[PDB]
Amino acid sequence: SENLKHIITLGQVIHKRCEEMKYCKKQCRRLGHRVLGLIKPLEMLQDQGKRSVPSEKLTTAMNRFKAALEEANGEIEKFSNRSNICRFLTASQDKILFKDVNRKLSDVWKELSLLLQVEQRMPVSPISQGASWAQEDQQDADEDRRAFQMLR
């Protein structure tokens, strides 16, 4: 109960902070919207009331998702500074900011989707379409690598 709303609240704070970041916004708004897609089945589970109780396997998957949100939370404040992003863009090869966090959220989502449908009997919907998360990260990184170099 309390842990369910804490993860939902933490996910909503992550999305709000991504909208406020000024540099490399395409990758930031991509991360915050992916977090919204993962917490929405948890919000619907919260809408049911006090009758739904997560099991041990579901709580373990939510804690791994919570630790990933706290990892992404530290990367948001870290990449809120211009010099920290330039230190990363000039030292990395793919120039993808949250490639480590996006991969951790992709594995925990398929573990949450399986447990939300089988155990809680909750209907879930896919996150996004268009392309894979790998191709979406490269397209957003190249667009951000172009606008960031234009800043004087």
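From 1 onward, residues are counted along the sequence shown.
- On average the C-alpha atoms of 90-98 have higher B-factors than those of the other stretch, with 90-98 and 32-40 being the two compared.
- The mean C-alpha temperature factor is higher for 46-54 when 23-31 and 46-54 are set side by side.
- Based on the entry's C-alpha B-factors, the most elevated value among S113, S106, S83, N63 belongs to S83.
- Ranked within its chain, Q120 lands in the middle third, by CA B factor from the PDB record.
- Among all modelled residues in this chain, the alpha-carbon of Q138 has a temperature factor (C-alpha) in the middle third.
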